[PDB]
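Everything below concerns the one structure shown next.
Cβ atoms come from the backbone with ideal geometry, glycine included; neighbour counts cover every protein chain shown. Readers should treat all values here as calculations from the given coordinates under stated rules, not as data from a laboratory.
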Amino acid sequence: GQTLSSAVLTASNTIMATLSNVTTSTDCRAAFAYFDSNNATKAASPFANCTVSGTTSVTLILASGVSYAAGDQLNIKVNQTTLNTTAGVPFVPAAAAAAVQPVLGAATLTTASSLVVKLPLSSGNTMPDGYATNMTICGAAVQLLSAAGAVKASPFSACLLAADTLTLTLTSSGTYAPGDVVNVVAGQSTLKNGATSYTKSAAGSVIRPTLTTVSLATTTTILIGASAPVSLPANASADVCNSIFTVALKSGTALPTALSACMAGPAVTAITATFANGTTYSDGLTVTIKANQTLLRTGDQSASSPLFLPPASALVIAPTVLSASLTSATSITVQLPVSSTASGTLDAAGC
């Protein structure tokens, strides 16, 4: 609390400070002042609330009407008595104000070979020209690390950036794995944040798989395709299954009970559960993981492994056909589940 540097800026309205000594402080709100590198003053009381957020960290949530700027600086204010080290020393104003610097936003693996990452700040992000085709440019922005910390040898191929969104596409050789993490490398000169740059974060972001497609496995069951190897509780109970996949009628009314049992699929990245849509049983059914899901995990059922994030919106259970049977020497008849429609001419070329 006399001279320190670091911090993690996670969103457009929240900061956190990293310090040397552990603390049990309850309040920090009125213990900081805001300037910039240009020396134009900012929020006198930048923060509305504080709580302990780590071994030594103090979270500092910005109040309304405040947005980040390059080289933002935060310094301890006068006569602050709530924040203290466990040694009994309250913070005093520092000779050099700490610099607020960013850290990447959330991440999710929408497709088995695409990684999408949001960013803490939605403007100013720029990179050296050639990032769209140079692995020396895109690949130097973020490091991909196993659970043990073994960085991967350029599993990426390209980077795509626009406003607050960023995207890194894997490769066939660089096949994805469960339980991996992504974090920035120290001093990387590629990714900027306006008139600033991005610096490695405290813990990184653990990648989570998700859902991609759904269909009818049998006449009364449904297959579910996943972007990573799946795992479910052994011989799970019906209640467990009903607490994961929220299932809604065509217009959006919920279905309290849809599944009787849930278990793995033909492949390690597939699942099969009871009931079906086929536009029977609802005529429009859709599936989606619940917001606060608990039990659908990848790699294993361990607590550390990532969860399956819910998709962007509910997936539509994709229908199939029932059977075909020869009747005459010039005709086959095919049963289709419940009514259907035709969108065009049924000429020989069309069929």
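Zone of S173 (label point 7 Å along Cα→Cβ, backbone N under 15 Å): which residues in the range 141-165? What the label zone holds, given the 15 Å backbone N cut-off, is 152-158.
Calculate the dipole size of the chain relative to its Cα centre from +1 charges on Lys and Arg beta carbons and -1 charges on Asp and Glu beta carbons; express the result in debye to the nearest 20. Please report the intermediate quantities before stating the final value.
On the way: 11 positive and 10 negative charges, 83 e Å.
Here the chain has a charge dipole of around 400 debye.
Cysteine residues of the chain whose C-beta has no other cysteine C-beta under 4.7 angstrom: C351. Sequence-distant contacts, meaning Cα pairs under 8 Å at least 6 residues apart, place the relative contact order of the chain at 12 percent. Of all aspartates and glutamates in the structure, those lying under 14 Å Cα to Cα from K250, and not within fewer than 8 positions of it along the same chain, are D283. Partner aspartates and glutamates whose Cα lies under 14 Å from the Cα of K118, excluding those fewer than 8 positions away in the same chain, are identified as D164.
Between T26 and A95, the FRET efficiency estimated from the beta carbon spacing at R0 = 25 angstrom works out to 0.40. Annotation for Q188 and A112: the two label points, set 7 Å from Cα along the Cα-Cβ direction, are 2.7 nm apart. Relative protection proxy for 208-215, 86-93, from highest mean packing down: 208-215, 86-93 (other beta-carbon atoms within 10 angstrom).
For the chain, the residue among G278, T23, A228 whose Cα projects farthest onto the positive side of the dipole built from Cβ charges is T23.
Between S237 and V78, the C-beta separation translates, for a Förster distance of 41 Å, into a calculated FRET efficiency of about 0.10.
Separation of the range 253-267 from the range 317-351 is 28 Å, based on Cα centroids. The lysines within cross-link reach of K152, meaning a Cα-to-Cα straight distance under 21 Å and a gap of 8 or more places when in the same chain, are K200. Summarising the label geometry, the points placed 7 Å from Cα in the beta-carbon direction at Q335 and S53 lie 6.0 nm from one another.
Between the range 31-54 and the range 147-215, the alpha-carbon centres lie 30 Å apart.
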